[PDB]
Amino acid sequence: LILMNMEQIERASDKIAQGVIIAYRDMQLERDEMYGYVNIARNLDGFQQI
Amino acid sequence: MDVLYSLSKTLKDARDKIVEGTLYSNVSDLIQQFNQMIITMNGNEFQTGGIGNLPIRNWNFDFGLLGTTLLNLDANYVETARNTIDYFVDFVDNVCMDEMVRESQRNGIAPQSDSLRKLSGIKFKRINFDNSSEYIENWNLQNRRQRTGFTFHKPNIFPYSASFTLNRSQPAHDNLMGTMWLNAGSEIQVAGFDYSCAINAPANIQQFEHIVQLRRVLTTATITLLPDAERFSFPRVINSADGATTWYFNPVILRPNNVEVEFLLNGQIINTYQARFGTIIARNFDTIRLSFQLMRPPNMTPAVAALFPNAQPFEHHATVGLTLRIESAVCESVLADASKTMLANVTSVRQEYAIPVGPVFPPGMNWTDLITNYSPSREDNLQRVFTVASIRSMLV
Amino acid sequence: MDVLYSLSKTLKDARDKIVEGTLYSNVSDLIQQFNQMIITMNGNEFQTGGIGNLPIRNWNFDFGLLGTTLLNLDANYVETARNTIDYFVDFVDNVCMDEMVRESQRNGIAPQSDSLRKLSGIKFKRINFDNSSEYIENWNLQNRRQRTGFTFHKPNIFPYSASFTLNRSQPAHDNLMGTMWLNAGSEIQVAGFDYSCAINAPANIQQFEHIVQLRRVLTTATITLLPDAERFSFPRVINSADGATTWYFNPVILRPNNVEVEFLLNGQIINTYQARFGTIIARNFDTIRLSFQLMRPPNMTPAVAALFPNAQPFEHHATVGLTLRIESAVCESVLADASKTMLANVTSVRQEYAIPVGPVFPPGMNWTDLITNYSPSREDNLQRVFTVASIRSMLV
Amino acid sequence: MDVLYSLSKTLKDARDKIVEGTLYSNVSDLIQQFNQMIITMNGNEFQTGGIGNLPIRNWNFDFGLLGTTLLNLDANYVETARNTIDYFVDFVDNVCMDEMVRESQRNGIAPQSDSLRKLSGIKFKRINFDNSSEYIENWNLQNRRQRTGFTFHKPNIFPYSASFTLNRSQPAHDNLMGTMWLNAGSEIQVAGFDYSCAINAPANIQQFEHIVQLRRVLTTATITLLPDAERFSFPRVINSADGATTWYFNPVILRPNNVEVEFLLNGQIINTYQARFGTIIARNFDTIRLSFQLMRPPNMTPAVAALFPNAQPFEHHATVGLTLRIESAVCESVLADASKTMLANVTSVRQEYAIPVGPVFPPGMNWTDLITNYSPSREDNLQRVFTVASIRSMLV
Amino acid sequence: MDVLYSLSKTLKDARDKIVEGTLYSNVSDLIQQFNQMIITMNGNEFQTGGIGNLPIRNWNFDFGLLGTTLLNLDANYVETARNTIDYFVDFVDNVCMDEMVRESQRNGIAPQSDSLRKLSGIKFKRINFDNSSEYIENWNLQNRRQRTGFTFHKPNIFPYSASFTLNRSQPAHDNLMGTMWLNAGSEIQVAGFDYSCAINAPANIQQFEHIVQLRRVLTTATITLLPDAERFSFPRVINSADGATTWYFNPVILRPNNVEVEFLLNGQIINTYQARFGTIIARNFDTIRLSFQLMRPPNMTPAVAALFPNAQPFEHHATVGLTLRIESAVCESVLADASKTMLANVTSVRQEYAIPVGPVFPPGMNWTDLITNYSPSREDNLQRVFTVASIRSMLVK
Amino acid sequence: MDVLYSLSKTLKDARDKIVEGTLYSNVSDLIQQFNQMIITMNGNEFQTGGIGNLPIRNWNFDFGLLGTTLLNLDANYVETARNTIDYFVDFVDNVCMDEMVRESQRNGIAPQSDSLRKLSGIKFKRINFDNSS
Ligand SMILES: [Cl-]
Ligand SMILES: [Zn+2]
Ligand SMILES: [Zn+2]
Ligand SMILES: [Zn+2]
Ligand SMILES: [Zn+2]
Ligand SMILES: [Zn+2]
């Protein structure tokens, strides 16, 4: 139970993000109901991961 | 292929095991595997192709995990599981159909559809689990360079062929010495016919030989050998080799003599059976040589003595026949047989969606043309599509 | 049905797995399932009924649970398990036998014996677990109106019928034109005979047509087609249709001309094969139409020209054959086949206990009569008894 | 035997389930079983193969356990497992081959090879676990003397025999009354021939009887019964009983009359079918009594009336036939059949390593000679070697 | 196999590099590899050779590690290393010979000798290192079922065959039309002979065709095609197909006409060359079809016209040749070739110890028998013994 | 050319030497060369083909460096390395095929394919090592 719900519990935390994408191109800020404008990435598609 | 098989096996197990009232311990490992499958598939887009009339289909995975905390599965649990299972079954069936209708000449064993190539990525290797079916087990063993074999009840190893050879003939076709044969599927019916009944033969014996070169090696083959060929034991009007005229065949059946059945591998005799009928075992061979003799009966009762005069005209033609039925065998390669539906499934899917002819298989997946020219590229493509067809058969 | 199957599957698993010395971790889930079965059955009284000569039997369940506190199973554990297993196997055999010998026109799919109706109660659904057998899988699918599928090696789809039709006849029965056929099991042998050898037929062609209507739709069928029919290629004395007189048949086999095998679904041509014999695939059909022509050969050697004069008397009758063998097929309905034992088991149980004929099945469970008139009620009762027979054959 | 089977089954599971990326929960129980096997086999020396050309192989087991700590299996885990599995599979294959080539007149059921004798010790019983194969299940049931059951498709119960009996005959062989038959494998083709066409028989009926005594009792048998014996329906020149002369047989086939097929057990009628063709069920029998009749047609057309004169010479010989095929059956004893490969495996192994003829089996494992004289010692040795061959085919 | 190859590779590197006076920095990695080999092999018993006349040899390993404190190698260091190397080389030679003289019908690619079986265990996998030889590289690619490639100078792809076909003949054998060919090794010499010189042919053209089916597919093949066949250009007395009598062949060579080389794969045209002689490239094929015409020359000088009369007797028979030489090719299976010694080494070892005929290979390793019936089991066993032969050749040779 | 040869030779050395069970000291210099190649190639886009029937192929390098072990490489290490090696080998084969099918009357010794022209840039000279064939 804990292992299957770990990701959901961790992603619910307000004090850690799961990563950061450095894209030296100018990306529009997303419009999210929880923030207004936010530089939030839904996933990591299209970037090499370190 | 291992991943596609794992998906199908997971879905088949979920259908068979996620049932109302069952203890969770009966399904716990399966639920873990199912949730692993969901986790690995979530967030991925798939496209099953538009080849032929098979429609383009897009697949998305945003499914939740199945519960783990009940003592016994209930109706709600079964309904929730069934919703996800149906979508996964549809996706797997479409991937199997997309892979079954494609072929390649350079690398026919490698996946051909985009979905199966995507599923071969390392990110999906987590789905892989118990590979227990004969076809997937053979697939893994062959990827490991390991000796593996498919077991066939009545293997369709012989291309269909009904032909004759005339060793003695004339334009009027009335003193003919030769052989008639049907090789069909797992069955060989051969018959040597002499019109003069070996009246003027050395020692009054006429020798017949029939060689069948199998396109693949067979092992541990159970074979029935019967001393007559009912296919060539009744009067017939037969075309000539060019079809210019038609000749007459009027058999009278005698016991074949000096019957010697050799099963050979690389031109060497592996098994030899002399005057043995019933069950014989050909342990490992690529060729079957049947020698038999029409022996003129030294003594004849008047009714028999009439049928075989000293000279022409010959009205009753002395024929000696053998019948060889491969009941069971083992092959390194894949083959059609009387029990398995892989060929029928592949052909049906190719027919339903108007799949054009490719550079590998003959049109219509016709088995005679396929087995006649069983090239390595054809073998690779055919094992691939047969494994995919079995994987589809687990669910469809 | 799923509960009866679950009892049988648990008992088979216990027989196979609960062995001396085995790791308890090998059996933990099986032990939990077995103890759940014991708890559910404990305190319940069953009566397996006295239909026919089947003896009335009373079943009482007060059994202890199997232990859970070993590392490896020992002899004590195996013996304790085996006594209970023996009692349960006896009970399941008697329940299955009680159900197999029963039928009804109204709800033949529903349980008929009292014990199986009792086992359908919700207080037994906890016993239910992995439904992996083909018969139980199809049973669950059909309970949900889902696409079912049974795989048959040599399905017994054709009721036995050795008949002939004469399209040209007269009291002398010496200038006859027509067809004779044996449709038996998975084999159709048909043969069109012309006594005049189409001397006066338009274009010297005689067309023969043989339509066989399958009582259920077959899918993904692998079929062997052979040019000749060895069953109608030897001389016979055949009764007349009224049985008043016997006529004579003296075939000489010509190869059939323009052979056309059509596989049709609702009268629409699904598959068409022209002049192809080796091995074909009919993907979905319920009708087989065989068209084949006797073509008088334009050029003949003197013997052949002697066989076929311009006019009567005709002593050598030109026959063109055809053989059609369904090796493997898929049907949405249960069927007898050459490999399974459901029909034989049901018939054996009904015979051994002198079960009177009922409203649904013909006497002796005769397969020809059954499959000729395969009504929906007959299908329901047959699927029920065949699923019960498979459940029984898991243990007996 | 149970230990050898458990080793083989554990290895097959390990080959199929220990795959890269798989959840450890899919393999946990298998890993426990595998580690138990390693612990038990560690420190033990085995020797296999000193009979015929089977080479002497020495086996030493010093292997590490497989890990338990991973969440998904990775390449390292799979490689370590694969090395151990390869060694164990080689050992099991060699032990099976060593057992398959040995026989004993006294205790042929008991192990013969030294390795299987060592594995029968208590210190190996821990390896034992799920015994789910039909052959090992039958082995265990036979050990406890519970009713065993082997299901066969086309059982090879009839030793090959093509003979004839003449009830009326003369040196010229022109007025002959009698029977000729082929009893081969799973088929009985029997034909009664009267040259006078029962002109002088009482009531114009000639009675033919044929009794086949099966060497083992068959239960739940599915039988195809067809009216005609196509094997004895064409002109034939047959050696005389002493072989001093040949006689002529020009059959003309009439349908058999008053066909009565009885299936007998201990000389009592268990099943009986009167003029029934197609599929029939014989629930329990050791003898088949086929009684049929040539009934001279009371009414004939001129052709038919010409075939059968009032007195000699008789040029057309009235023959009635019967074909009986056992599609599927159940036997309490091991038998060869068309779908399995046990006999072929044992014969192939005995031929590849040049195993000298023993005191139990005929040379070459000739099935006709084996089933003709199927003695209890032969049965015990054959069940042993067939169980070993089924265990071997799980891996090899 | 990889372990045996790594042992041999380490020993060869040690023989080549552990030399007097060399900088220790030249051998540090090799010293580590050698010491890992010694550590892995120490305490292990091996037995090689119980087949034919190959003696039973027992091998025990209790060696010290080579030192690592020197900055340059001195004579004593090299001598102790050489002692260890000599023992190891003897052992590897014996293991290779033991593996080469064995064959299996079932898993011919797998090890057959007990020593190599033992070397297949996990504990020995530590020895494994650089697998750079062509044969071991192909071995590793074939284990993973990746596309293999063997480069052969003059591949021995044709079994020996010297025969003739007669299309027109009669018992006197004086008006013969047909073909004779020697297919041997990497060479096809073919010649079409018409005794009448196509006097009564349809337009004075006699078409000849020769089909050679290779038992393995060749890729990237450089092939020389020369118009004449010197092998069938001199007077011959040839047996008849039944051997009853003998016929005479008095050829006169004419240049072949409309020469067409076809290289085909699975009965499909891959390369076609028309009237091209010299070097040509067949990129991927398993069959060669050579079609060529004898064209009666319309104009003849008096000697030429006297050679070919209008009717019999024909004394000078018009023959057109072709010579085909595969110089180099690539095959996905092992093959004998002119430059390597794998077949010769395997045969030499098998003959030196009187290895009995086995169930896989011909009665003595005859290449004609092998290549004629080059079955997959034979291919697996041959690739195994050839890889072992190359490993042995790294040290013994 | 020297750079393309160096890429190919690095890949061949990686295939031959990065084998299960081998001492890390056997491959240390090779691993350093390979990781330097990864660093130099990562982030660069290449295009091959577009001549005759040679297909257009796009190559992107976003690979991680090969790790280090204490004593010996294991199976995990080999599979991880082989993924990168396989992609690079595909790329090098495609670049070679693109160069082999092109020709120029002027400057026929110079590179003709776009990928090799890019590989002649200064940034890729780091890849260059033993030119021994
Ligand atoms: Cl069958
Ligand atoms: Zn002819
Ligand atoms: Zn009538
Ligand atoms: Zn069958
Ligand atoms: Zn007699
Ligand atoms: Zn000649």
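In what follows, every chain begins at residue 1, and chains take the letters A, B, ... in the order their sequences are listed. Computed over heavy atoms, backbone and side chain alike; hydrogens, waters and symmetry mates excluded. Start at 1 and go down the list; that is how both ligands and their atoms are numbered.
In terms of distance to the Zn ion (ligand 4), the nearest N, O or S atom of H153(B) is named NE2.
In terms of heavy-atom proximity, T246(D) sits nearest to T301(B) at O-OG1, 2.8 Å.
Note: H153(B) and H153(D) have perpendicular aromatic rings, judged against thresholds of 30 and 60 degrees for the angle between ring planes. In this structure, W247(C) and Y195(C) have tilted ring planes: the angle between them lies in the 30° to 60° band.
No donor-acceptor pair under 3.5 Å is formed between the side chain of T323(D) and the backbone N or O of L225(D).
Between the CZ atom in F277(C) and the CG atom in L182(B) there is a gap of 11.0 Å [rounded to 0.5 Å].
Here 1 is the count of protein N, O or S atoms positioned under 2.8 Å from the Zn ion (ligand 5), waters not counted.
Centroid-to-centroid, the aromatic rings of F150(C) and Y135(C) come within less than 6.0 Å.
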